[PDB]
$ cat protein.pdb   # PDB, C-alpha atoms
ATOM      1  CA  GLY D   1      -2.403  -9.329  39.398
ATOM      2  CA  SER D   2      -4.678  -6.760  37.801
ATOM      3  CA  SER D   3      -4.080  -3.083  37.132
ATOM      4  CA  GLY D   4      -4.409  -0.823  34.113
ATOM      5  CA  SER D   5      -2.128   2.071  34.978
ATOM      6  CA  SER D   6       0.580   2.166  37.621
ATOM      7  CA  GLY D   7      -1.368   4.753  39.581
ATOM      8  CA  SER D   8       0.081   8.244  39.778
ATOM      9  CA  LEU D   9      -2.255  10.796  38.245
ATOM     10  CA  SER D  10      -5.219  11.985  40.276
ATOM     11  CA  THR D  11      -8.647  10.420  39.927
ATOM     12  CA  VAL D  12     -11.044  12.052  37.495
ATOM     13  CA  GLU D  13     -14.176  10.208  36.440
ATOM     14  CA  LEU D  14     -14.264   8.651  39.889
ATOM     15  CA  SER D  15     -13.526  12.106  41.247
ATOM     16  CA  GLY D  16     -17.174  13.015  41.687
ATOM     17  CA  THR D  17     -19.423  13.579  44.679
ATOM     18  CA  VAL D  18     -20.978  10.274  45.668
ATOM     19  CA  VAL D  19     -24.681  10.537  44.930
ATOM     20  CA  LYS D  20     -25.531   6.864  45.258
ATOM     21  CA  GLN D  21     -23.725   3.706  46.303
ATOM     22  CA  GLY D  22     -24.547   0.029  46.663
ATOM     23  CA  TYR D  23     -24.530  -3.294  44.850
ATOM     24  CA  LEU D  24     -26.350  -3.976  41.603
ATOM     25  CA  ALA D  25     -26.665  -6.920  39.244
ATOM     26  CA  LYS D  26     -25.621  -6.266  35.665
ATOM     27  CA  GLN D  27     -26.765  -8.613  32.925
ATOM     28  CA  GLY D  28     -24.002 -10.083  30.797
ATOM     29  CA  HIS D  29     -23.340 -13.267  28.861
ATOM     30  CA  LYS D  30     -21.139 -15.961  30.353
ATOM     31  CA  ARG D  31     -21.225 -16.797  34.044
ATOM     32  CA  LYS D  32     -24.408 -17.055  36.074
ATOM     33  CA  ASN D  33     -27.470 -15.362  34.630
ATOM     34  CA  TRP D  34     -26.958 -12.107  36.493
ATOM     35  CA  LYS D  35     -23.833 -11.222  38.437
ATOM     36  CA  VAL D  36     -23.816  -8.946  41.461
ATOM     37  CA  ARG D  37     -21.472  -5.991  41.136
ATOM     38  CA  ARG D  38     -20.687  -3.040  43.371
ATOM     39  CA  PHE D  39     -21.987   0.046  41.607
ATOM     40  CA  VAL D  40     -20.997   3.567  42.581
ATOM     41  CA  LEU D  41     -22.753   6.798  41.686
ATOM     42  CA  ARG D  42     -20.969  10.131  41.513
ATOM     43  CA  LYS D  43     -21.766  13.696  40.521
ATOM     44  CA  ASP D  44     -19.656  16.539  39.183
ATOM     45  CA  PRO D  45     -18.389  14.903  37.357
ATOM     46  CA  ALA D  46     -21.489  12.846  36.661
ATOM     47  CA  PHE D  47     -20.453   9.236  36.187
ATOM     48  CA  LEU D  48     -21.389   5.742  37.300
ATOM     49  CA  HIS D  49     -18.783   3.042  37.789
ATOM     50  CA  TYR D  50     -18.946  -0.465  39.201
ATOM     51  CA  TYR D  51     -16.405  -2.851  40.675
ATOM     52  CA  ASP D  52     -16.446  -6.632  40.852
ATOM     53  CA  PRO D  53     -16.656  -7.900  44.440
ATOM     54  CA  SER D  54     -15.769 -11.473  43.558
ATOM     55  CA  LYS D  55     -12.424 -10.019  42.549
ATOM     56  CA  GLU D  56     -10.056  -7.734  44.418
ATOM     57  CA  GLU D  57      -9.381  -4.650  42.330
ATOM     58  CA  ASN D  58      -9.757  -1.038  43.400
ATOM     59  CA  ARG D  59     -10.381   0.031  39.823
ATOM     60  CA  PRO D  60     -13.921  -0.435  38.496
ATOM     61  CA  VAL D  61     -14.897  -3.169  36.066
ATOM     62  CA  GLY D  62     -16.337  -0.577  33.714
ATOM     63  CA  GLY D  63     -18.258   2.683  33.807
ATOM     64  CA  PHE D  64     -20.200   4.670  31.238
ATOM     65  CA  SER D  65     -20.901   8.372  30.877
ATOM     66  CA  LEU D  66     -24.105   9.642  32.440
ATOM     67  CA  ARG D  67     -24.337  13.103  30.925
ATOM     68  CA  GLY D  68     -25.057  11.700  27.484
ATOM     69  CA  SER D  69     -27.060   8.777  28.813
ATOM     70  CA  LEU D  70     -30.550   7.826  29.928
ATOM     71  CA  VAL D  71     -32.316   5.621  32.447
ATOM     72  CA  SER D  72     -35.751   4.045  32.661
ATOM     73  CA  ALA D  73     -37.684   1.286  34.385
ATOM     74  CA  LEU D  74     -38.912  -1.956  32.866
ATOM     75  CA  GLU D  75     -42.671  -2.004  33.301
ATOM     76  CA  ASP D  76     -42.885  -5.336  31.517
ATOM     77  CA  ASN D  77     -43.330  -7.697  34.442
ATOM     78  CA  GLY D  78     -41.074 -10.720  34.754
ATOM     79  CA  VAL D  79     -39.236 -10.461  31.455
ATOM     80  CA  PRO D  80     -38.509  -7.121  29.771
ATOM     81  CA  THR D  81     -38.865  -7.607  26.034
ATOM     82  CA  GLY D  82     -36.358  -9.978  24.478
ATOM     83  CA  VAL D  83     -33.855 -10.749  27.209
ATOM     84  CA  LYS D  84     -32.347 -14.188  27.678
ATOM     85  CA  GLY D  85     -34.651 -16.383  29.728
ATOM     86  CA  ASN D  86     -36.348 -14.169  32.286
ATOM     87  CA  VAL D  87     -35.417 -11.456  34.756
ATOM     88  CA  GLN D  88     -36.371 -10.287  38.226
ATOM     89  CA  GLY D  89     -39.035  -7.664  38.814
ATOM     90  CA  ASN D  90     -38.758  -3.899  39.093
ATOM     91  CA  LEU D  91     -35.645  -3.441  36.992
ATOM     92  CA  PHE D  92     -34.329  -0.560  34.919
ATOM     93  CA  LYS D  93     -32.334   0.065  31.764
ATOM     94  CA  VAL D  94     -29.895   2.789  30.782
ATOM     95  CA  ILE D  95     -30.062   4.120  27.243
ATOM     96  CA  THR D  96     -26.695   5.640  26.421
ATOM     97  CA  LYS D  97     -25.788   7.887  23.513
ATOM     98  CA  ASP D  98     -25.043   4.683  21.642
ATOM     99  CA  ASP D  99     -28.612   3.592  22.279
ATOM    100  CA  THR D 100     -27.063   0.541  23.896
ATOM    101  CA  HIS D 101     -29.518   0.203  26.756
ATOM    102  CA  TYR D 102     -27.801  -1.272  29.789
ATOM    103  CA  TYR D 103     -30.032  -3.459  31.927
ATOM    104  CA  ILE D 104     -29.311  -3.366  35.641
ATOM    105  CA  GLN D 105     -31.020  -4.421  38.850
ATOM    106  CA  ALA D 106     -31.444  -2.766  42.227
ATOM    107  CA  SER D 107     -31.113  -4.354  45.646
ATOM    108  CA  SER D 108     -34.709  -3.442  46.396
ATOM    109  CA  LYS D 109     -37.700  -2.177  44.452
ATOM    110  CA  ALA D 110     -37.005   1.205  46.002
ATOM    111  CA  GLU D 111     -33.258   1.016  45.496
ATOM    112  CA  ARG D 112     -34.111   0.956  41.808
ATOM    113  CA  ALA D 113     -36.265   4.060  41.588
ATOM    114  CA  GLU D 114     -33.485   5.603  43.642
ATOM    115  CA  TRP D 115     -30.667   4.369  41.438
ATOM    116  CA  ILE D 116     -32.859   5.564  38.593
ATOM    117  CA  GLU D 117     -33.885   9.050  39.647
ATOM    118  CA  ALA D 118     -30.271   9.402  40.715
ATOM    119  CA  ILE D 119     -28.812   8.650  37.304
ATOM    120  CA  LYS D 120     -31.419  10.873  35.696
ATOM    121  CA  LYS D 121     -30.194  13.690  37.909
ATOM    122  CA  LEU D 122     -26.737  13.409  36.393
ATOM    123  CA  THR D 123     -28.252  13.057  32.942
ATOM    124  CA  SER D 124     -30.601  15.543  31.323
ATOM    125  CA  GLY D 125     -34.236  14.922  32.176
ATOM    126  CA  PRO D 126     -37.020  15.489  34.715
ATOM    127  CA  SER D 127     -35.948  16.097  38.294
ATOM    128  CA  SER D 128     -36.318  19.709  39.365
ATOM    129  CA  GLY D 129     -39.429  20.505  41.367
TER
END

$ encode --input "protein.pdb" --output "structure tokens"
Amino acid sequence: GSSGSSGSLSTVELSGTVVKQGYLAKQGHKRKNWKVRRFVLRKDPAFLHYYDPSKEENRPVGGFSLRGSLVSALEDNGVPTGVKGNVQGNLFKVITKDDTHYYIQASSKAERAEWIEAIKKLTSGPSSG
């Protein structure tokens, strides 16, 4: 089985108003090039978690803070800059406070901009107006 904590306390990070939901493809070593994962977007609190579909676990596979994070698109066609092999088109990265830069993919070209603008919302940047 798989489970971190028994499960008593009340949700927190995942206790935010869903702002965006769907399936994305996060880039990570091992396994196929890119793996599809169910990403969830929340607000107040502002967080973004994702769960592995291939598996069967309520809890997310990960999740990083949005407040102190960033998001951008990868203009560089085909490949971004120095990513293993190549990558799809119309992707986006997320620059966290640790200047990690998490590369993710959207279901559709639009889905991206959406998943992007969305994140931004949570984070501090352009949105208003």

$ atom_distance --input "protein.pdb" --atom1 "atom CA of residue 38 of chain D" --atom2 "atom CA of residue 58 of chain D"
11.1 Å

$ closest_residue --input "protein.pdb" --among "D:2, D:103, D:69, D:57" --to "residue 25 of chain D" --atoms "only C-alpha atoms"
D:103

$ atom_distance --input "protein.pdb" --atom1 "atom CA of residue 5 of chain D" --atom2 "atom CA of residue 39 of chain D"
21.0 Å

$ closest_atom_pairs --input "protein.pdb" --of "segment 41-66 of chain D" --to "segment 113-121 of chain D" --cutoff "12 Å" --atoms "all atoms listed in the file" --output "tab-separated table"
residue	atom	partner	partner_atom	distance
D:41	CA	D:119	CA	7.7
D:42	CA	D:119	CA	9.0
D:43	CA	D:121	CA	8.8
D:44	CA	D:121	CA	11.0
D:45	CA	D:121	CA	11.9
D:46	CA	D:119	CA	8.5
D:47	CA	D:119	CA	8.5
D:48	CA	D:119	CA	8.0
D:49	CA	D:119	CA	11.5
D:64	CA	D:119	CA	11.3
D:65	CA	D:119	CA	10.2
D:66	CA	D:119	CA	6.8

$ closest_residue --input "protein.pdb" --among "D:76, D:23, D:13, D:34" --to "residue 63 of chain D" --atoms "only C-alpha atoms"
D:13

$ atom_distance --input "protein.pdb" --atom1 "atom CA of residue 8 of chain D" --atom2 "atom CA of residue 50 of chain D"
20.9 Å

$ closest_residue --input "protein.pdb" --among "D:40, D:95, D:83, D:24" --to "residue 107 of chain D" --atoms "all atoms listed in the file"
D:24

$ axis_aligned_box --input "protein.pdb" --around "segment 6-18 of chain D" --padding-each-side "4 Å" --output "JSON"
{"center_x": -10.2, "center_y": 7.9, "center_z": 41.1, "size_x": 29.6, "size_y": 19.4, "size_z": 17.2}

$ closest_residue --input "protein.pdb" --among "D:26, D:128, D:53, D:123" --to "residue 93 of chain D" --atoms "all atoms listed in the file"
D:26

$ residues_near_point --input "protein.pdb" --point "(-14.8, -5.9, 35.8)" --cutoff "7 Å" --atoms "only C-alpha atoms" --output "ChimeraX atom specification"
/D:51-52,60-62

$ closest_residue --input "protein.pdb" --among "D:122, D:70, D:9, D:36" --to "residue 22 of chain D" --atoms "only C-alpha atoms"
D:36

$ closest_residue --input "protein.pdb" --among "D:33, D:3, D:124, D:21" --to "residue 88 of chain D" --atoms "all atoms listed in the file"
D:33

$ decode --input "protein.pdb" --residues "segment 84-112 of chain D" --atoms "N, CA and C atoms" --output "PDB file, in the first residue's frame"
ATOM      1  N   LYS D  84      16.986  17.222 -21.900  1.00  0.00           N
ATOM      2  CA  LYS D  84      17.245  15.927 -22.507  1.00  0.00           C
ATOM      3  C   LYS D  84      16.473  15.821 -23.823  1.00  0.00           C
ATOM      4  N   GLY D  85      17.137  15.251 -24.818  1.00  0.00           N
ATOM      5  CA  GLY D  85      16.527  15.084 -26.126  1.00  0.00           C
ATOM      6  C   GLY D  85      15.764  16.343 -26.539  1.00  0.00           C
ATOM      7  N   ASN D  86      14.488  16.152 -26.838  1.00  0.00           N
ATOM      8  CA  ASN D  86      13.640  17.258 -27.247  1.00  0.00           C
ATOM      9  C   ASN D  86      12.361  17.254 -26.408  1.00  0.00           C
ATOM     10  N   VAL D  87      11.496  18.214 -26.700  1.00  0.00           N
ATOM     11  CA  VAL D  87      10.238  18.332 -25.983  1.00  0.00           C
ATOM     12  C   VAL D  87       9.152  18.821 -26.943  1.00  0.00           C
ATOM     13  N   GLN D  88       7.909  18.641 -26.521  1.00  0.00           N
ATOM     14  CA  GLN D  88       6.777  19.059 -27.330  1.00  0.00           C
ATOM     15  C   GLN D  88       6.886  20.547 -27.669  1.00  0.00           C
ATOM     16  N   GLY D  89       5.747  21.127 -28.018  1.00  0.00           N
ATOM     17  CA  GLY D  89       5.700  22.537 -28.366  1.00  0.00           C
ATOM     18  C   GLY D  89       4.621  23.265 -27.562  1.00  0.00           C
ATOM     19  N   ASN D  90       4.955  24.479 -27.149  1.00  0.00           N
ATOM     20  CA  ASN D  90       4.028  25.287 -26.374  1.00  0.00           C
ATOM     21  C   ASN D  90       4.000  24.780 -24.931  1.00  0.00           C
ATOM     22  N   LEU D  91       5.176  24.763 -24.321  1.00  0.00           N
ATOM     23  CA  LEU D  91       5.299  24.306 -22.947  1.00  0.00           C
ATOM     24  C   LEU D  91       5.493  25.513 -22.028  1.00  0.00           C
ATOM     25  N   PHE D  92       5.737  25.218 -20.760  1.00  0.00           N
ATOM     26  CA  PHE D  92       5.943  26.265 -19.774  1.00  0.00           C
ATOM     27  C   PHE D  92       6.735  25.741 -18.574  1.00  0.00           C
ATOM     28  N   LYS D  93       7.490  26.643 -17.964  1.00  0.00           N
ATOM     29  CA  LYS D  93       8.297  26.286 -16.810  1.00  0.00           C
ATOM     30  C   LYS D  93       7.813  27.075 -15.591  1.00  0.00           C
ATOM     31  N   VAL D  94       8.204  26.594 -14.421  1.00  0.00           N
ATOM     32  CA  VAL D  94       7.820  27.242 -13.178  1.00  0.00           C
ATOM     33  C   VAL D  94       9.068  27.492 -12.330  1.00  0.00           C
ATOM     34  N   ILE D  95       9.440  28.761 -12.242  1.00  0.00           N
ATOM     35  CA  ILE D  95      10.609  29.147 -11.470  1.00  0.00           C
ATOM     36  C   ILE D  95      10.196  29.396 -10.018  1.00  0.00           C
ATOM     37  N   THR D  96      10.599  28.476  -9.155  1.00  0.00           N
ATOM     38  CA  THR D  96      10.279  28.583  -7.742  1.00  0.00           C
ATOM     39  C   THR D  96      11.272  29.510  -7.038  1.00  0.00           C
ATOM     40  N   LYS D  97      11.111  29.612  -5.727  1.00  0.00           N
ATOM     41  CA  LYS D  97      11.985  30.458  -4.931  1.00  0.00           C
ATOM     42  C   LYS D  97      13.399  29.875  -4.940  1.00  0.00           C
ATOM     43  N   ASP D  98      13.473  28.587  -5.246  1.00  0.00           N
ATOM     44  CA  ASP D  98      14.753  27.902  -5.293  1.00  0.00           C
ATOM     45  C   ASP D  98      15.289  27.928  -6.727  1.00  0.00           C
ATOM     46  N   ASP D  99      14.720  28.825  -7.520  1.00  0.00           N
ATOM     47  CA  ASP D  99      15.128  28.961  -8.908  1.00  0.00           C
ATOM     48  C   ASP D  99      15.356  27.572  -9.508  1.00  0.00           C
ATOM     49  N   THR D 100      14.425  26.676  -9.215  1.00  0.00           N
ATOM     50  CA  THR D 100      14.513  25.314  -9.716  1.00  0.00           C
ATOM     51  C   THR D 100      14.091  25.260 -11.185  1.00  0.00           C
ATOM     52  N   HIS D 101      12.924  25.826 -11.455  1.00  0.00           N
ATOM     53  CA  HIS D 101      12.398  25.848 -12.809  1.00  0.00           C
ATOM     54  C   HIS D 101      11.836  24.470 -13.164  1.00  0.00           C
ATOM     55  N   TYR D 102      10.550  24.304 -12.891  1.00  0.00           N
ATOM     56  CA  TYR D 102       9.882  23.045 -13.175  1.00  0.00           C
ATOM     57  C   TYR D 102       9.186  23.089 -14.537  1.00  0.00           C
ATOM     58  N   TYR D 103       9.638  22.217 -15.426  1.00  0.00           N
ATOM     59  CA  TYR D 103       9.069  22.146 -16.761  1.00  0.00           C
ATOM     60  C   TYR D 103       7.848  21.224 -16.789  1.00  0.00           C
ATOM     61  N   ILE D 104       6.749  21.767 -17.291  1.00  0.00           N
ATOM     62  CA  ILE D 104       5.513  21.007 -17.379  1.00  0.00           C
ATOM     63  C   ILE D 104       4.883  21.226 -18.756  1.00  0.00           C
ATOM     64  N   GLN D 105       3.910  20.381 -19.067  1.00  0.00           N
ATOM     65  CA  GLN D 105       3.222  20.471 -20.344  1.00  0.00           C
ATOM     66  C   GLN D 105       1.709  20.526 -20.128  1.00  0.00           C
ATOM     67  N   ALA D 106       1.032  21.166 -21.069  1.00  0.00           N
ATOM     68  CA  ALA D 106      -0.414  21.296 -20.994  1.00  0.00           C
ATOM     69  C   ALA D 106      -1.059  20.386 -22.041  1.00  0.00           C
ATOM     70  N   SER D 107      -2.290  19.988 -21.754  1.00  0.00           N
ATOM     71  CA  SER D 107      -3.025  19.119 -22.657  1.00  0.00           C
ATOM     72  C   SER D 107      -3.077  19.741 -24.054  1.00  0.00           C
ATOM     73  N   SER D 108      -3.393  21.028 -24.083  1.00  0.00           N
ATOM     74  CA  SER D 108      -3.479  21.749 -25.341  1.00  0.00           C
ATOM     75  C   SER D 108      -2.707  23.067 -25.243  1.00  0.00           C
ATOM     76  N   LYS D 109      -2.415  23.632 -26.405  1.00  0.00           N
ATOM     77  CA  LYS D 109      -1.685  24.886 -26.465  1.00  0.00           C
ATOM     78  C   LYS D 109      -2.356  25.906 -25.543  1.00  0.00           C
ATOM     79  N   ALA D 110      -3.681  25.906 -25.576  1.00  0.00           N
ATOM     80  CA  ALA D 110      -4.450  26.821 -24.752  1.00  0.00           C
ATOM     81  C   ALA D 110      -4.315  26.417 -23.283  1.00  0.00           C
ATOM     82  N   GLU D 111      -4.594  25.148 -23.024  1.00  0.00           N
ATOM     83  CA  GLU D 111      -4.507  24.623 -21.671  1.00  0.00           C
ATOM     84  C   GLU D 111      -3.286  25.206 -20.954  1.00  0.00           C
ATOM     85  N   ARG D 112      -2.200  25.320 -21.702  1.00  0.00           N
ATOM     86  CA  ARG D 112      -0.966  25.858 -21.152  1.00  0.00           C
ATOM     87  C   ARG D 112      -1.187  27.286 -20.651  1.00  0.00           C
TER      88      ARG D 112
END
